[PDB]
Amino acid sequence: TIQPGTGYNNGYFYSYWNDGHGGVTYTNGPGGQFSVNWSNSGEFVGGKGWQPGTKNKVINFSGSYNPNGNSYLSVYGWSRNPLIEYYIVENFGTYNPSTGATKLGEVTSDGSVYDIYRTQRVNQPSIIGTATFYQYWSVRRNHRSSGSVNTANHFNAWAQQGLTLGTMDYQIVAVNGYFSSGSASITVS
């Protein structure tokens, strides 16, 4: 595993964070590749992409994603001003992260309908410190672990619905886990 943190590997920005509970390892491979292996983990997120992201990136990803419990595979990132955490969720494990959330529309992109949602985090950690901020979600109906994500289709649909993004911070293809097990090997470009 590598040490939790952020940096660059083979031209790609990466972020790997965990809560210190144990049970997760993350490695950076050649090009845009990363692997995650976890067994009775705590909370974590890791992946590769860009810092800063853009609002018209076409993100390609390919590989394998085998969660056993609560985990997502997504295009994941933040904006500033307004502070927003967002996810374009391509696959997940036992928990659909939109459960109970307010649905804000639908968008069709890259071979599937996605359902759009908005949630709120209250006094939670963020890229700028503890804060209250909205989260935006596009959740793919047709789950997959390879493909292409035309991010503009999502960001434009969000904007149409009143879900505004500020200036982009990082933008990665990420595996999230919350107290679960699994394995994944993903290559980004």
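Structure: see above.
(A) Highlighting the sheet that holds strand 4 (residues 33-38). Spatially, 3-4-14-6-12 is the arrangement adopted by the 5 strands of the open sheet, whose pairing is antiparallel. Lying at the two open borders of the sheet, with one neighbouring strand each, are strand 3 (24-28) and strand 12 (147-150). Strand-to-strand, the axes of this sheet are offset by a mean angle of 20°, without reference to chain direction. With 4 bridges joining them, strand 6 (residues 58-68) and strand 12 adopt antiparallel strand pairing. Bridging across to strand 12, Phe61 finds its partner in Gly147. The sheet contacts of helix 1 (residues 151-160) involve strand 6 and strand 12, and relative to strand 12 the element is tilted by about 40°.

(B) Layout of the sheet that holds strand 5 (residues 43-50). Ordered in space as 1-2-5-13-7-8-11-10-9, the 9 strands form an open sheet in which the pairing is mixed. The sheet is open, and its two borders are formed by strand 1 (5-9) and strand 9 (102-109), each paired with just one other strand. Put simply, the sheet's adjacent strands are angled 25° from each other on average, direction ignored. Where strand 7 (residues 71-80) lies against strand 8 (residues 84-92), 8 bridges are found, and the strand directions are antiparallel. What sits directly across from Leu73, in strand 8, is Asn91.

(C) Representation of the pattern of salt bridges. Applying the stated rule across the entire model yields 7 salt bridges. In this structure, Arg140 engages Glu90 in a salt bridge whose closest nitrogen and oxygen atoms are separated by 4.0 Å. With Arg140 in strand 11 (residues 131-140) and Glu90 in strand 8, this residue pair connects regions lying 50 residues apart in the sequence. By the burial criterion, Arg140 is buried, and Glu90 matches it. The partner of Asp115 in a salt bridge is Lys103, and the shortest N-O contact between them spans 3.0 Å. Within this pair, whereas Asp115 is found in strand 10 (residues 112-124), its partner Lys103 is found in strand 9, the two being separated by 12 residues in sequence. Here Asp115 falls in the buried class, since its relative accessible area comes to 9%. Here the residues in one salt-bridge network are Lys103, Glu106, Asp115 and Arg141, joined through shared partners.

Reading the values: the criteria
- Residues numbered from 1 in each chain as written, not as in the entry; some residues may be left out.
- Heavy atoms only, no water.
- Pairing = 2+ DSSP bridges.
- Helix = DSSP H or I, 4+ residues; strand = E, 2+ residues; numbered from the N terminus.
- Axes fitted to C-alpha atoms, helices over the stretch in contact; angles between N-to-C directions.
- Contact = heavy atoms within 4.5 Å.
- Salt bridge = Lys/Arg side-chain N within 4 Å of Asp/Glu carboxyl O.
- Buried < 20%, exposed > 50% of the residue type's maximum accessible area, 1.4 Å probe, protein only.

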